[PDB]
Amino acid sequence: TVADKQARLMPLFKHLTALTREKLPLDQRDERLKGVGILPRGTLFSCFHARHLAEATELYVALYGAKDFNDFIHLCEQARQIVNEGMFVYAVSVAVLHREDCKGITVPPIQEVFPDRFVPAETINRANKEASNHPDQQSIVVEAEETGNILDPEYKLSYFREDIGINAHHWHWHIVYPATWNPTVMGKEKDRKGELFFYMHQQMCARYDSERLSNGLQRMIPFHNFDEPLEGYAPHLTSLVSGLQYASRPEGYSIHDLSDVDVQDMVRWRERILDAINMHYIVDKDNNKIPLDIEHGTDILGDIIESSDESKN
Amino acid sequence: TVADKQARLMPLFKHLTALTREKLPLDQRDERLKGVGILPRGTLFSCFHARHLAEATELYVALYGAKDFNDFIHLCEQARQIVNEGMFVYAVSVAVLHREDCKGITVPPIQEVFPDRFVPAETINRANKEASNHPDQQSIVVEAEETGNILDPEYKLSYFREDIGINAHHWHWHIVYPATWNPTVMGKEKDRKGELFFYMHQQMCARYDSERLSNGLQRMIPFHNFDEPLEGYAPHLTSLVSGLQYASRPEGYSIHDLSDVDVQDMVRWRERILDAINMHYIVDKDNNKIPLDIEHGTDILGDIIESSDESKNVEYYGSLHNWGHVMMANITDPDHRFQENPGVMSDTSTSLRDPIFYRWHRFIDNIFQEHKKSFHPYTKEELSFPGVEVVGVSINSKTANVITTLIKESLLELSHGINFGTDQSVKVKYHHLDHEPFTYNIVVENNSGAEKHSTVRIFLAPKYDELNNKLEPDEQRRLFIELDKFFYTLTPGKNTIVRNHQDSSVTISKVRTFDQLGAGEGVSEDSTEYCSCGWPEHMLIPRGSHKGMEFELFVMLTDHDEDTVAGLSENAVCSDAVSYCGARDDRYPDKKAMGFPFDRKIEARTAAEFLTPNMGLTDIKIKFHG
């Protein structure tokens with residue numbers, strides 16, 4: 001039944017952390033993932049980075065490709081063991097969302113799956129500590145609220161920024177509209193995904209601005225200039241998977257090139273995208289021009305800007 | 001042939017009520033018969049009362065004494081004419097069960113023989129009425145379920161208490177282990193009957209408690225104080241035999257002296273027993289003291305408490321348990337001036353229905369518990385089976401780790417029991433609790449180099465208390481019910497043992513109806529226990545609730561080499577139901593104390609702490625379907 005199906009899915013989600021370690025007498029046994037899972041857990045999975053997205057897409061396709069639900073579970077059983085866990089959650093969630101066979105099925109809570117992302121390290125530490133401190137069946141409750149010398153007024157916004165629901169939503173939205181989404185492979189297409197990309201993010205900003213004003217703060221200003229140094233933020237989040245946490249960013253940093261991309265390559269892209277806007281057309285790979293039609297224009301721009309697989313160039 | 005033999009036995013059982021009218025010119029010819037015939041026919045027979053038991057024993061002996069099966073049929077045929085019918089059924093069933101000549105033979109259904117005990121007054125009446133109302137060959141069907149206003153919550157338990165299978169089992173068990181049993185006369189002895197007496201009754205109470213909790217009711221309290229008034233219960237049972245029925249008991253009456261026994265004496269026997277526990281010895285008739293040994297102690301106590309013929313001292317210790325049934329049964333007319341029939345407590349078939357049964361049995365169980373208390377707890381050494389580790393257990397059903405329970409309709413055929421007349425069959429429809437089939441999968445790691453043999457023991461205990469969720473193992477001991485016990489061999493490395501609920505050692509796989517028996521099947525041919533005894537299958541797990549009540553599922557593996565006894569007994573015989581019934585003409589197949597590991601006090605606050613490596617607890621849910 002559906003209920004049984006739900007039950008099977010929940011365990012795909014349990015202990016994402018611990019289900020690493022190959023557990024495979026001949027480690028070739030998921031050849032489909034000898035290629036994908038070139039991310040071992042070391043760094044974190046990036047939703048944004050292209051290479052990471054490529055692996056993720058490869059994973060989803062296998063899940064989509066699965067002939068039946070049972071086959072789907074089997075892939076998700078054996079494969080999870082190799083691939084980076086973050087990528088895995090990402091690929092599976094996409095599969096659950098789209099794949100018909102999954103006409104059954106919620107995904108386990110993101111907050112619940114990775115509590116460490118939602119709550120501060122201190123609270124997480126305390127809970128873990130209490131668990132060890134006195135063994136007992138009894139329940140442990142920890143109040144995350146803390147006590148602290150709030151210097152920054154940005155702190156006021158924390159109710160909005162830190163909100164569990166907001167973060168969860170953002171995770172889910174990207175899952176429904178993946179950047180990697182290839183309509184040919186799936187066959188189905190996501191209507192107006194580029195435009196939606198634009199709208200959803202715009203709303204988040206708009207809503208954010210209303211908070212600042214409620215706060216008595218001025219509206220946020222764009223990162224127009226790449227040269228400008230960024231304001232620092234320390235997340236105080238730990239990752240339970242290994243020894244590390246999200247690195248904090250101290251005050252005042254000017255912009256540095258990564259091996260993967262130069263910030264100047266970036267500046268070009270901004271010029272280009274905005275060029276085409278004025279010129280009212282964009283150039284396809286074919287070197288044909290497509291007009292930024294009133295109907296189509298936002299969608300085409302959304303795909304290019306994000307950018308999705310859909311980008312015309 | 002055996003089949004012919006079966007046929008002869010069934011008619012011994014037919015029209016018992018009618019069989020009266022002696023038609024005997026003189027009993028003197030029947031010298032064998034001289035001893036019996038004191039109790040009048042119509043009168044109700046008491047399984048508990050000593051005098052009644054004495055007559056019954058006398059009857060059985062004659063049946064045992066019968067030189068051959070043919071002789072057996074003859075005396076039986078003749079005896080049945082004079083003796084009270086209830087006593088007769090009792091004596092015959094015992095004979096059929098034990099007497100070799102009867103290597104052939106089921107006993108006709110108790111429910112079927114006396115349908116009136118199983119079904120309410122109303123549906124007895126309706127069926128009888130329909131039979132008379134319109135003469136016609138056509139079959140009559142009556143649904144026993146009724147319609148009424150339920151003012152007492154005890155009613156909720158009725159599915160358990162009233163269950164046909166449960167009552168039948170209780171009848172049969174007493175037959176396999178009669179209180180009257182004299183080993184010298186038979187020559188054979190019933191192994192650990194006293195202990196079994198204790199274990200079986202304890203399980204009934206334990207199982208009962210699980211029902212109350214499933215219900216959301218608190219656990220039953222023991223009837224410790226003789227002074228307290230009893231709760232009333234009206235059975236609504238009629239006896240087809242005469243114009244009477246089991247007398248009902250209204251609310252709030254205290255126990256009163258009977259001519260036969262004073263309540264005083266009840267108090268005294270039970271003080272005497274308590275002393276003997278603590279002093280660590282009991283006094284025999286010889287005035288010698290026998291120690292309450294760890295091995296022997298429960299058995300000796302069981303015989304004294306019940307008490308059986310086996311009791312080391314009847315004249316001192318008395319018969320507390322049995323008298324309790326008698327006293328409660330005739331609370332309504334202790335004097336018997338009223339000349340009213342006794343209540344349900346008087347009969348093994350009926351007694352489970354009254355809620356008082358549990359109160360009394362918990363009281364007696366307490367006596368055993370005090371004894372158990374005197375014993376030291378179990379060390380890791382005793383519990384553990386080294387090299388074996390239990391990785392996990394899973395229960396497979398429609399939904400894993402959830403068992404579903406529902407009510408099922410069933411029909412009982414009255415025709416063998418009551419005069420049918422023209423009708424081909426009169427069936428009464430009743431409903432009982434039932435559950436979906438399920439299997440267990442236990443993963444065990446055998447660290448040792450060689451194959452091991454293990455006894456798998458599975459028990460179920462409620463997670464929730466009346467207060468909140470608290471797995472306090474001491475308390476759990478009372479609650480734990482035995483699901484299954486079986487032998488399995490484990491090879492080295494990982495092993496998965498799968499067992500199906502159907503296989504359960506606690507339950508009777510099937511009871512053959514007088515109709516099936518009318519033909520001739522091949523489960524094999526042993527006797528009163530045959531299809532009869534064993535706990536009923538539908539009953540295997542508690543009802544649970546719609547919400548899906550949480551129960552602890554406990555699996556333990558023990559070294560079989562230690563557990564089994566060696567000896568040379570029979571072919572595959574009535575052993576399906578070993579857990580509660582034992583084995584035919586065999587020693588109890590498990591060395592461990594019945595109820596192990598649960599029997600002794602548990603030091604730990606939580607059950608989990610108790611677990612050794614060869615033990616495991618899996619929480620499962622039982623959900624009832626309305």
# chains A, B, ... in the order shown; residues from 1 in each chain; ligands from 1
>>> select_by_dssp(residues="segment 138-180 of chain A", states="helix (DSSP H, G or I)", output="list in words")
residues 153, 154, 155, 156, 157, 158, 159, 160, 161, 164, 165, 166, 167, 168, 169, 170, 171, 172, 173, 174, 175 and 176 of chain A
>>> write_last_selection(atoms="N, CA, C and O atoms", output="mmCIF file, in the first residue's frame")
data_model
loop_
_atom_site.group_PDB
_atom_site.id
_atom_site.type_symbol
_atom_site.label_atom_id
_atom_site.label_comp_id
_atom_site.auth_asym_id
_atom_site.auth_seq_id
_atom_site.Cartn_x
_atom_site.Cartn_y
_atom_site.Cartn_z
ATOM 1 N N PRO A 153 22.773 45.014 15.070
ATOM 2 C CA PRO A 153 21.360 45.210 14.875
ATOM 3 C C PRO A 153 20.785 44.243 13.887
ATOM 4 O O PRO A 153 19.567 44.082 13.856
ATOM 5 N N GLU A 154 21.639 43.591 13.077
ATOM 6 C CA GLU A 154 21.216 42.640 12.089
ATOM 7 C C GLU A 154 20.576 41.507 12.820
ATOM 8 O O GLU A 154 19.742 40.785 12.277
ATOM 9 N N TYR A 155 20.959 41.343 14.099
ATOM 10 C CA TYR A 155 20.503 40.282 14.944
ATOM 11 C C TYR A 155 19.005 40.344 15.023
ATOM 12 O O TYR A 155 18.347 39.312 15.149
ATOM 13 N N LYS A 156 18.426 41.557 14.965
ATOM 14 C CA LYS A 156 17.010 41.755 15.119
ATOM 15 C C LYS A 156 16.256 40.956 14.089
ATOM 16 O O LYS A 156 15.180 40.432 14.368
ATOM 17 N N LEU A 157 16.798 40.879 12.862
ATOM 18 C CA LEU A 157 16.238 40.207 11.719
ATOM 19 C C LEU A 157 16.276 38.712 11.856
ATOM 20 O O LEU A 157 15.622 38.001 11.093
ATOM 21 N N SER A 158 17.065 38.186 12.810
ATOM 22 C CA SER A 158 17.299 36.774 12.956
ATOM 23 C C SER A 158 16.017 36.003 13.010
ATOM 24 O O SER A 158 15.983 34.854 12.574
ATOM 25 N N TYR A 159 14.927 36.586 13.540
ATOM 26 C CA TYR A 159 13.723 35.812 13.609
ATOM 27 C C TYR A 159 13.330 35.430 12.213
ATOM 28 O O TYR A 159 12.851 34.319 11.991
ATOM 29 N N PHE A 160 13.454 36.362 11.247
ATOM 30 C CA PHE A 160 13.157 36.064 9.873
ATOM 31 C C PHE A 160 14.195 35.181 9.232
ATOM 32 O O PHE A 160 13.873 34.127 8.686
ATOM 33 N N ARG A 161 15.483 35.575 9.310
ATOM 34 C CA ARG A 161 16.529 34.899 8.580
ATOM 35 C C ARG A 161 16.734 33.491 9.051
ATOM 36 O O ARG A 161 16.910 32.581 8.242
ATOM 37 N N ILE A 164 13.146 28.411 10.786
ATOM 38 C CA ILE A 164 13.252 27.055 10.330
ATOM 39 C C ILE A 164 12.415 26.849 9.100
ATOM 40 O O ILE A 164 12.859 26.220 8.142
ATOM 41 N N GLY A 165 11.182 27.385 9.096
ATOM 42 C CA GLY A 165 10.259 27.172 8.013
ATOM 43 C C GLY A 165 10.775 27.763 6.740
ATOM 44 O O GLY A 165 10.630 27.167 5.673
ATOM 45 N N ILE A 166 11.372 28.963 6.818
ATOM 46 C CA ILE A 166 11.844 29.670 5.661
ATOM 47 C C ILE A 166 12.936 28.881 5.005
ATOM 48 O O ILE A 166 12.960 28.725 3.786
ATOM 49 N N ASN A 167 13.884 28.363 5.808
ATOM 50 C CA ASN A 167 15.009 27.653 5.274
ATOM 51 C C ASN A 167 14.525 26.412 4.599
ATOM 52 O O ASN A 167 15.002 26.053 3.523
ATOM 53 N N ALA A 168 13.554 25.726 5.224
ATOM 54 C CA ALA A 168 13.053 24.491 4.700
ATOM 55 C C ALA A 168 12.422 24.730 3.369
ATOM 56 O O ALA A 168 12.623 23.959 2.432
ATOM 57 N N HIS A 169 11.654 25.827 3.245
ATOM 58 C CA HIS A 169 10.958 26.134 2.031
ATOM 59 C C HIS A 169 11.939 26.293 0.917
ATOM 60 O O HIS A 169 11.759 25.733 -0.162
ATOM 61 N N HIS A 170 13.024 27.039 1.172
ATOM 62 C CA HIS A 170 13.993 27.347 0.162
ATOM 63 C C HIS A 170 14.593 26.072 -0.336
ATOM 64 O O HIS A 170 14.841 25.922 -1.530
ATOM 65 N N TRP A 171 14.843 25.115 0.571
ATOM 66 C CA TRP A 171 15.387 23.853 0.164
ATOM 67 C C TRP A 171 14.423 23.210 -0.779
ATOM 68 O O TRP A 171 14.796 22.807 -1.876
ATOM 69 N N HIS A 172 13.137 23.146 -0.392
ATOM 70 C CA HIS A 172 12.164 22.422 -1.156
ATOM 71 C C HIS A 172 11.968 23.031 -2.510
ATOM 72 O O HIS A 172 11.847 22.313 -3.501
ATOM 73 N N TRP A 173 11.950 24.371 -2.600
ATOM 74 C CA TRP A 173 11.653 25.017 -3.848
ATOM 75 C C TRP A 173 12.668 24.610 -4.874
ATOM 76 O O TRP A 173 12.318 24.271 -6.001
ATOM 77 N N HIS A 174 13.960 24.605 -4.508
ATOM 78 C CA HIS A 174 14.983 24.264 -5.456
ATOM 79 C C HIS A 174 14.776 22.853 -5.917
ATOM 80 O O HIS A 174 15.122 22.518 -7.047
ATOM 81 N N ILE A 175 14.257 21.972 -5.037
ATOM 82 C CA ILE A 175 13.986 20.609 -5.418
ATOM 83 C C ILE A 175 12.906 20.529 -6.457
ATOM 84 O O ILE A 175 13.002 19.717 -7.376
ATOM 85 N N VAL A 176 11.819 21.316 -6.315
ATOM 86 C CA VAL A 176 10.768 21.251 -7.293
ATOM 87 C C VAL A 176 11.261 21.783 -8.601
ATOM 88 O O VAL A 176 10.885 21.270 -9.653
#
>>> closest_atom_pairs(of="chain B", to="chain A", cutoff="12 Å", atoms="only C-alpha atoms", output="JSON lines")
{"residue": "B:396", "atom": "CA", "partner": "A:4", "partner_atom": "CA", "distance": 11.5}
{"residue": "B:397", "atom": "CA", "partner": "A:4", "partner_atom": "CA", "distance": 10.5}
{"residue": "B:398", "atom": "CA", "partner": "A:4", "partner_atom": "CA", "distance": 8.2}
{"residue": "B:399", "atom": "CA", "partner": "A:4", "partner_atom": "CA", "distance": 6.2}
{"residue": "B:400", "atom": "CA", "partner": "A:4", "partner_atom": "CA", "distance": 7.9}
{"residue": "B:401", "atom": "CA", "partner": "A:7", "partner_atom": "CA", "distance": 11.0}
{"residue": "B:402", "atom": "CA", "partner": "A:4", "partner_atom": "CA", "distance": 11.0}
{"residue": "B:469", "atom": "CA", "partner": "A:138", "partner_atom": "CA", "distance": 10.2}
{"residue": "B:470", "atom": "CA", "partner": "A:137", "partner_atom": "CA", "distance": 9.3}
{"residue": "B:471", "atom": "CA", "partner": "A:137", "partner_atom": "CA", "distance": 9.4}
{"residue": "B:472", "atom": "CA", "partner": "A:137", "partner_atom": "CA", "distance": 11.1}
{"residue": "B:604", "atom": "CA", "partner": "A:136", "partner_atom": "CA", "distance": 11.8}
{"residue": "B:605", "atom": "CA", "partner": "A:136", "partner_atom": "CA", "distance": 9.7}
{"residue": "B:606", "atom": "CA", "partner": "A:137", "partner_atom": "CA", "distance": 8.1}
{"residue": "B:607", "atom": "CA", "partner": "A:137", "partner_atom": "CA", "distance": 10.3}
{"residue": "B:608", "atom": "CA", "partner": "A:137", "partner_atom": "CA", "distance": 9.0}
{"residue": "B:609", "atom": "CA", "partner": "A:136", "partner_atom": "CA", "distance": 9.5}
>>> residues_around(residues="segment 31-47 of chain A", least_positions_apart="4", cutoff="7 Å", atoms="only C-alpha atoms", output="list in words")
residues 52, 53, 55, 58, 59, 79, 82, 83, 84, 86 and 87 of chain A
>>> atom_distance(atom1="atom CA of residue 580 of chain B", atom2="atom CA of residue 374 of chain B")
24.5 Å
>>> atom_distance(atom1="atom CA of residue 554 of chain B", atom2="atom CA of residue 496 of chain B")
16.3 Å
>>> closest_residue(among="B:601, B:310, B:508, B:594", to="residue 370 of chain B", atoms="only C-alpha atoms")
B:601
>>> decode(residues="segment 231-257 of chain A", atoms="N, CA, C and O atoms", output="mmCIF file, in the first residue's frame")
data_model
loop_
_atom_site.group_PDB
_atom_site.id
_atom_site.type_symbol
_atom_site.label_atom_id
_atom_site.label_comp_id
_atom_site.auth_asym_id
_atom_site.auth_seq_id
_atom_site.Cartn_x
_atom_site.Cartn_y
_atom_site.Cartn_z
ATOM 1 N N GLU A 231 29.943 42.178 4.487
ATOM 2 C CA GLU A 231 29.705 42.226 5.901
ATOM 3 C C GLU A 231 29.914 40.819 6.359
ATOM 4 O O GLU A 231 29.685 39.887 5.591
ATOM 5 N N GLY A 232 30.373 40.622 7.611
ATOM 6 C CA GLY A 232 30.619 39.286 8.078
ATOM 7 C C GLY A 232 29.388 38.701 8.702
ATOM 8 O O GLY A 232 28.481 39.419 9.123
ATOM 9 N N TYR A 233 29.335 37.349 8.749
ATOM 10 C CA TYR A 233 28.266 36.646 9.409
ATOM 11 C C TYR A 233 28.813 35.349 9.932
ATOM 12 O O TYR A 233 29.529 34.646 9.219
ATOM 13 N N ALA A 234 28.491 34.991 11.197
ATOM 14 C CA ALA A 234 28.923 33.724 11.727
ATOM 15 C C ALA A 234 27.676 32.946 12.024
ATOM 16 O O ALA A 234 26.845 33.358 12.831
ATOM 17 N N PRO A 235 27.523 31.843 11.343
ATOM 18 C CA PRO A 235 26.365 30.990 11.475
ATOM 19 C C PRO A 235 26.230 30.173 12.728
ATOM 20 O O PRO A 235 25.100 29.920 13.141
ATOM 21 N N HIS A 236 27.347 29.756 13.356
ATOM 22 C CA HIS A 236 27.271 28.922 14.524
ATOM 23 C C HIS A 236 26.518 27.653 14.224
ATOM 24 O O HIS A 236 25.659 27.240 15.002
ATOM 25 N N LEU A 237 26.817 26.995 13.082
ATOM 26 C CA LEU A 237 26.199 25.736 12.740
ATOM 27 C C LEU A 237 27.288 24.710 12.693
ATOM 28 O O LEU A 237 28.389 24.983 12.218
ATOM 29 N N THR A 238 27.005 23.483 13.172
ATOM 30 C CA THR A 238 28.007 22.460 13.098
ATOM 31 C C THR A 238 27.506 21.406 12.170
ATOM 32 O O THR A 238 26.312 21.329 11.890
ATOM 33 N N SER A 239 28.430 20.604 11.611
ATOM 34 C CA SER A 239 27.985 19.472 10.859
ATOM 35 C C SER A 239 28.439 18.312 11.668
ATOM 36 O O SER A 239 29.628 18.032 11.762
ATOM 37 N N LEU A 240 27.325 17.613 11.930
ATOM 38 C CA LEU A 240 27.309 16.368 12.678
ATOM 39 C C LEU A 240 28.021 15.228 11.958
ATOM 40 O O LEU A 240 28.408 14.240 12.587
ATOM 41 N N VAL A 241 28.204 15.348 10.638
ATOM 42 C CA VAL A 241 28.728 14.251 9.835
ATOM 43 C C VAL A 241 30.173 13.893 10.157
ATOM 44 O O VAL A 241 30.561 12.722 10.133
ATOM 45 N N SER A 242 30.956 14.899 10.541
ATOM 46 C CA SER A 242 32.394 14.777 10.674
ATOM 47 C C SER A 242 32.844 15.775 11.745
ATOM 48 O O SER A 242 32.061 16.112 12.637
ATOM 49 N N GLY A 243 34.068 16.295 11.709
ATOM 50 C CA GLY A 243 34.478 17.294 12.670
ATOM 51 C C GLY A 243 34.046 18.711 12.320
ATOM 52 O O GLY A 243 34.159 19.572 13.191
ATOM 53 N N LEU A 244 33.584 19.044 11.108
ATOM 54 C CA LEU A 244 33.497 20.460 10.746
ATOM 55 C C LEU A 244 32.156 21.202 10.801
ATOM 56 O O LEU A 244 31.106 20.639 11.100
ATOM 57 N N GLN A 245 32.185 22.513 10.526
ATOM 58 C CA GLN A 245 31.081 23.422 10.616
ATOM 59 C C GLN A 245 31.161 24.336 9.433
ATOM 60 O O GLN A 245 32.132 24.303 8.676
ATOM 61 N N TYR A 246 30.114 25.165 9.231
ATOM 62 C CA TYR A 246 30.140 26.112 8.155
ATOM 63 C C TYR A 246 31.086 27.184 8.595
ATOM 64 O O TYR A 246 30.997 27.673 9.720
ATOM 65 N N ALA A 247 32.036 27.567 7.721
ATOM 66 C CA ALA A 247 33.002 28.547 8.121
ATOM 67 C C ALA A 247 32.330 29.874 8.238
ATOM 68 O O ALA A 247 31.460 30.222 7.442
ATOM 69 N N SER A 248 32.728 30.654 9.260
ATOM 70 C CA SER A 248 32.155 31.952 9.443
ATOM 71 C C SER A 248 32.896 32.904 8.564
ATOM 72 O O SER A 248 33.960 32.577 8.036
ATOM 73 N N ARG A 249 32.325 34.106 8.353
ATOM 74 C CA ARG A 249 32.984 35.083 7.540
ATOM 75 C C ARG A 249 33.138 36.316 8.371
ATOM 76 O O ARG A 249 32.171 36.837 8.924
ATOM 77 N N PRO A 250 34.353 36.737 8.703
ATOM 78 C CA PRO A 250 34.567 37.953 9.495
ATOM 79 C C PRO A 250 34.252 39.234 8.715
ATOM 80 O O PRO A 250 33.922 39.176 7.522
ATOM 81 N N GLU A 251 34.360 40.413 9.342
ATOM 82 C CA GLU A 251 33.998 41.647 8.653
ATOM 83 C C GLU A 251 34.925 41.981 7.487
ATOM 84 O O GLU A 251 36.090 41.599 7.525
ATOM 85 N N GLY A 252 34.416 42.659 6.450
ATOM 86 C CA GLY A 252 35.223 43.395 5.485
ATOM 87 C C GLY A 252 36.051 42.624 4.460
ATOM 88 O O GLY A 252 37.250 42.878 4.381
ATOM 89 N N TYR A 253 35.496 41.763 3.598
ATOM 90 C CA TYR A 253 36.320 41.096 2.586
ATOM 91 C C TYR A 253 36.107 41.527 1.171
ATOM 92 O O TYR A 253 34.978 41.443 0.690
ATOM 93 N N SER A 254 37.172 41.984 0.513
ATOM 94 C CA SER A 254 37.159 42.165 -0.928
ATOM 95 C C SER A 254 37.246 40.826 -1.664
ATOM 96 O O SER A 254 37.646 39.796 -1.111
ATOM 97 N N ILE A 255 36.918 40.850 -2.952
ATOM 98 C CA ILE A 255 36.574 39.644 -3.682
ATOM 99 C C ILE A 255 37.740 38.897 -4.329
ATOM 100 O O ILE A 255 38.599 39.447 -5.025
ATOM 101 N N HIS A 256 37.757 37.587 -4.072
ATOM 102 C CA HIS A 256 38.828 36.718 -4.548
ATOM 103 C C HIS A 256 38.333 35.650 -5.521
ATOM 104 O O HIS A 256 37.281 35.033 -5.320
ATOM 105 N N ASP A 257 39.191 35.445 -6.528
ATOM 106 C CA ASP A 257 39.031 34.483 -7.574
ATOM 107 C C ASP A 257 39.156 33.130 -6.971
ATOM 108 O O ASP A 257 39.897 32.920 -6.013
#
